[PDB]
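Right, one structure below, let's go through it.
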Amino acid sequence: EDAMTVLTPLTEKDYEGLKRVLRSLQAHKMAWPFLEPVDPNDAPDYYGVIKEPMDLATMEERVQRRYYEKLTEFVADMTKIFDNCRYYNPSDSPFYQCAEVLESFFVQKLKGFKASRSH
Ligand SMILES: CC(=O)NCCc1c[nH]c2ccc(F)cc12
């Protein structure tokens with residue numbers, strides 16, 4: 001990550017961009033597994049093996065409350081969603097596939113956000 005991403009405080013304008021990025025991911029056809037916290041009734045061992053769970057609704061709450069101070073912190077929460085999924089599930093599961101697709105989409109949108117900050 002470059003110096004702007006790590007060190008430039010998030011402004012109000014930056015927060016309008018983060019809201020738009022998050023809404024784009026929530027609207028993606030392959031986002032369904034990640035919209036809300038993992039349901040322990042459907043995976044009874046999940047919370048014993050994933051120590052820091054994350055989901056898009058938790059990220060939306062954090063965005064609304066201005067939790068994030070730097071872009072790197074927002075990217076770290078998003079990345080946790082995908083990394084938790086690829087560690088818990090095998091490489092041939094549909095959950096793993098959704099993580100592959102949605103992370104690629106996130107990177108496309110994140111590059112767009114970074115470009116608009118600087119020009
Ligand atoms: C987002 C994520 O990684 N989900 C995995 C855990 C999970 C949720 N619902 C399920 C239903 C059946 C199953 F075998 C596992 C699960």
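As shown in the structure tokens, the chain order sets the letters A, B, ...; within each chain, residues go from 1, and ligands are also counted from 1 in the order they appear.
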Region 46-60 of chain A: which residues within 6 Å, counting only C-alpha atoms, same-chain residues fewer than 5 positions away excluded, as a CSV table (one decimal) with N, CA and C atoms, in the first residue's frame?
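Now in result.csv:
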```csv
chain,number,residue,atom,x,y,z
A,34,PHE,N,-21.9,-13.5,2.7
A,34,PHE,CA,-21.1,-12.6,3.5
A,34,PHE,C,-21.9,-11.4,4.0
A,35,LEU,N,-23.2,-11.3,3.7
A,35,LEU,CA,-24.0,-10.2,4.0
A,35,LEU,C,-24.2,-10.0,5.5
A,36,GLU,N,-24.3,-11.1,6.2
A,36,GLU,CA,-24.6,-11.1,7.7
A,36,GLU,C,-23.6,-12.0,8.4
A,37,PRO,N,-23.5,-11.9,9.7
A,37,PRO,CA,-22.6,-12.9,10.4
A,37,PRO,C,-22.9,-14.3,10.1
A,81,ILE,N,-12.9,-10.8,5.7
A,81,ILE,CA,-14.0,-11.6,5.2
A,81,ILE,C,-13.5,-12.7,4.3
```
| said: Around ligand 1, which protein and nucleic acid residues have at least one atom no more than 6 Å from it, if we count only C-alpha atoms and all ligand atoms? List them as a ChimeraX atom specification. | reply: /A:33-34,38-39,42-43,85,95
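Taking CA of residue 5 (chain A) and CA of residue 83 (chain A) as endpoints, the distance between them is 20.5 Å.
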| field | Residues of chain A in helix (DSSP H, G or I), written as a ChimeraX atom specification | value | /A:3-7,12-26,32-34,46-49,56-64,71-88,94-118
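Separating CA of residue 74 (chain A) from CA of residue 112 (chain A) is a distance of 15.1 Å.
The environment of residue 7 (chain A) within 10 Å, counting only C-alpha atoms and disregarding residues fewer than 6 places along the same chain, consists of residues 69, 70, 71 and 72 of chain A.
You can rank A:63, A:44, A:94, A:26 by their closest distance to residue 14 (chain A) using only C-alpha atoms, and at the top of that list sits A:63.
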| Residue neighbourhood residue 25 (chain A), 8 Å, only C-alpha atoms, exclusion window fewer than 4 positions, as a PyMOL selection string | chain A and resi 21+31+102+105-106
| Atom pair CA of residue 20 (chain A) / CA of residue 82 (chain A): separation (Å) | 19.4 Å
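Each of A:80, A:111, A:86, A:65 was compared to residue 17 (chain A) using only C-alpha atoms, and A:111 turns out to be the nearest.
Of the listed residues A:32, A:41, A:76, A:64, the one whose atoms come nearest to residue 6 (chain A) is A:76, with distances taken using only C-alpha atoms.
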